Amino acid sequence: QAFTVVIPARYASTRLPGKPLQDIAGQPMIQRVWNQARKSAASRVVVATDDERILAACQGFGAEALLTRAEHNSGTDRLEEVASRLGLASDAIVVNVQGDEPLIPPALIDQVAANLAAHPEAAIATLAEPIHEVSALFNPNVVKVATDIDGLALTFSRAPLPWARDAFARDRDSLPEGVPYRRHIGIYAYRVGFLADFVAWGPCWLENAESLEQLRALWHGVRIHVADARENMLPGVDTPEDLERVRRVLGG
């Protein structure tokens, strides 16, 4: 199954200026992400950036790259611009791989693309991982997801979902035994035609409240397939300390 990887790479970040160009053991972070993407089954990998300096760096190490619009209000918006410019067919599959995930396993990229292909009833496929800490469950910065028996998302929420009634009434310092809590991993495969729907709809109140763009799809009745990540997804990069962590993994 063919699919295209798009890697969004935005220059500005509050706590890491020129974030995609920060060095990780001799290569800029964006190059590390692109290297991971090249290990996947992708038919094509394109960097989508909002800054000439990143475009130049990317072309400098061999990556296909283009300059987008700086003012996209969401990641899906940015993907739509790229898919449209590349002229991808509406039934083609595009996988969004964030430019600040240098440790992303290629198998996870393949996984979402494979899953979307296998689930015609869904317009989006994405991944989840087990939650092990109760504090993470009650952490609004951690996105929880619940699915049906076939893996279609019921919803995504920053709220402690599902609620363990008896367990939490008894103790909120421990994870309810046997209840498979899932944290959403923001790697997505999209059918290109969905991107056009997304842009035509615009923001909805549910999405705005949770601050979760994937709820726009759910609100409009589009289905999202969710699967347990085939292997572990290490945290991405937002801060100087994250860079240090990732450098150690890669020998720098």
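Start at 1 and count along the sequence shown; that's the residue number.
Once you work out the mean C-alpha B-factor for both 42-50 and 66-74 from the entry, which is higher? 66-74 has the higher mean C-alpha B-factor.
Of the two stretches 145-153 and 172-180, which shows the higher Cα B-factor on average in the entry? Of 172-180 and 145-153, the stretch with the higher C-alpha B-factor average is 172-180.
Quick one: which of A123, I131, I104, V82 shows the highest Cα temperature factor in the PDB entry? So the option with the highest C-alpha B-factor is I131.
From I109, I93, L86, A167, can you pick the one with the highest C-alpha B factor in the entry? That would be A167, according to the entry.
By the record's CA B-factor, is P160 among the lowest, middle or highest third of residues in the chain? Within its chain, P160 is a highest-third residue by C-alpha B-factor, going by the deposited values.
Relative to the other modelled residues of the same chain, rank the CA B-factor of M233 and answer lowest, middle or highest third. For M233, whose C-alpha B-factor we compare with every modelled residue in the chain, the answer is the highest third.
Among the modelled residues of its chain, does the C-alpha B-factor of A217 lie in the lowest, middle or highest third? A217: CA B-factor falls in the lowest third of its chain.
Within-chain third of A209 by Cα B-factor, per the entry: CA B-factor rank for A209: highest third.
Lowest, middle or highest third: where is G202 by Cα B-factor in its chain? CA B-factor rank for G202: highest third.
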